[PDB]
Structure formats: C-alpha cells, structure tokens
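What follows is a single chain, given as structure tokens, in the form deposited in one PDB entry.
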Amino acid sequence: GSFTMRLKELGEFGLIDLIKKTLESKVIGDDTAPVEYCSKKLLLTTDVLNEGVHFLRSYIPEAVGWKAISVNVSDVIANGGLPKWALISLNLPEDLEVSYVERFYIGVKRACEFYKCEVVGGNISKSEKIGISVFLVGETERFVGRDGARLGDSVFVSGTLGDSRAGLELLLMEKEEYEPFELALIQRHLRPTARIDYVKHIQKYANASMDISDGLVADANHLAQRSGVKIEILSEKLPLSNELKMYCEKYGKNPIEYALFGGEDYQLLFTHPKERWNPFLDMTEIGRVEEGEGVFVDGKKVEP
C-alpha cells in the first residue's frame, strides 16, 4: 500500500478545476468554449456517450445517432449559438454489426439535417465497448455562458421536466408492452431534441444560459455558482407534462421530484428580466435571481 490521491477523491469538478489551472485557461467553465474569429465567436464543445453508461447495444442505433448529435447541439444552443460542423470519434468492437454503424449514421444524418449542421469527419478505433465522442463547432454573434445572471432576473426553463428520467425508468422495467404515454416518455429519453428554436432568444436576451442535462437543481447550482448569485425556485411553477403525471400516477410517484432531479431532458435554463419573456416560445418562469449564494426551492436550499 502507498496511498496516492485518486480521481475519485478529487471529484469531477475538482478535476476540471485542476485542468483549468494547469492550463492557465480563462475560457474553460461553460457548456461551450467561445473563440474570437472574424468579428464573430465560434463555439467549441464535446460530449460523450459510452455503452453501458448512456445506452445499451440493444438500443435502436438510429436513435443513438440522433441523440449523440442532439446532446452536443444542446450545449451550443444553450450558449446562444447555431451548430455548424461536427466530428465523431468512435471506439468500436470488431464484432459489431456493420449495419449498426450504418444505422447510427443514418440517425446522425437525420439529426444534422434537422439541426442544419454537418458531420465532416471523425475517427475510428478498436475497443471492448462502443464509445462515442462528439466534437461540435457552432457560431454566434453573442456568446452566453453561466456567469452573467443579474439580480432581479427571472429564471426560465424550456419545455417540461422529468420526462427523460421517467422514460429511462420505464425502459429499465423491460416490460414487453408499454402504454402510449409510456412510449412517449421512453422516446423523449432515447431521442431528445435540442431546443434549436430558442437560439435567437438566448443569443439576444439571456444574461445567463445553459441546458438542463443532469437535472434542474444540480445544473441550477452551477449557474448560481458561476454567476455568484442565489436562485429561488418555486416547485409549483415547474412545467410538468401530462405523460409524466400519468406515469407518476400509475406508479405512485411525485412529479415534482422528477422535475427537480430528473436528468437528460436537455431543456434550457436561462435568466433575464421578466419583460424579455417571449410568449411564442414555451418558456416557463420558475424563480428568480436573488443576491446571495446557493439554490433554494420553496425556501429550503438544495445542493446537487
């Protein structure tokens, strides 16, 4: 035995901080990395999907391809940008069916057409399990990160919350038959759609923005932390879908818990004066930026 500090002890964000300092980096910290180029800003970002962690080999491949692109396009949109070019690095087992990869890219192709971006390259390496690393390049006239929230700002989110988590739980049940609303939830988990419809809004009005990937509470703390402010959320303001309620009804669950802690919805979390609100978009006011520290819900403070 020797005892040496391991990554596990440091923790995810502790490691990122170490990386940021070692690099003496000033840009690291947001969903994307803004770089100055031709009077505009290019946004560089990357996400990963590993077999056994974010999907199973039994998952429909085209959906996995759709998701791989969507997941990263989500970061770009959350920071006020439009996707442009992407590369996909694949770690593949030599026993995998050729049709799997082909179908994965069919899903990638459809997502790219939908988001109006393009996969221009990538890499292939041999491995035990499937690993998917996506690199995306986007552009914007105004980058919006996690540290620009202003006190008095209202806190917004897009769509509904908790759907993805319920979808995953339903998939885990491995039932041989699901009801329509259950398939809807499963589809939302398996095939999320990045809110590319919010780009202009974020780019023009948000003071602080990011996408909800790990859950509202957890991601709201990063926002509150980087903006050095306090976030007060009202549970009864959380946008809930009928399918989620139906799910929580059938399995004796509490919707609010799914809305606050459910991950992988890939909706947006942004802030700005309530007056900038756009009723044409499905945004919902759920709280506000108050001078202070931490994230509070109905008064009590909740940590990630």
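Residues that one form lacks are left out of the comparison. Here the rigid core means the biggest group of C-alpha atoms that line up within 1.5 Å when the two forms are laid on top of each other. Residue numbers run from 1 along the displayed sequence.
Mean C-alpha B-factor is higher over 174 to 182 than over the other stretch, the pair under comparison being 129 to 137 and 174 to 182. Legend: mean Cα B-factor per stretch from the PDB entry, 233 to 241 versus 45 to 53; the higher mean is in 233 to 241.
Which of 92, 106, 149, 166 has the largest Cα B-factor in the deposited entry comes down to 149.
Remark: residue 75 belongs to the lowest third of its chain, ranked by C-alpha B-factor as recorded. Looking at the C-alpha B-factors along this chain, the one for residue 271 belongs to the middle third. Compared with the other modelled residues of the chain, the Cα B-factor recorded for residue 264 ranks in the middle third. Residue 252 sits in the highest third of its chain by CA B factor, as recorded in the PDB entry. Ranked by C-alpha B-factor against the other modelled residues of its chain, residue 86 falls in the lowest third.
The same protein also exists as the form deposited in another entry; that form is not shown, yet it is the one meant from here on.
With the core superposed, residue 18 shows a C-alpha displacement of at least 2 Å between this form and the one not shown. By the rule of 2 Å per CA over three or more consecutive residues, the rigid core superposition between this form and the one not shown yields shifted runs at 5 to 28, 30 to 36.
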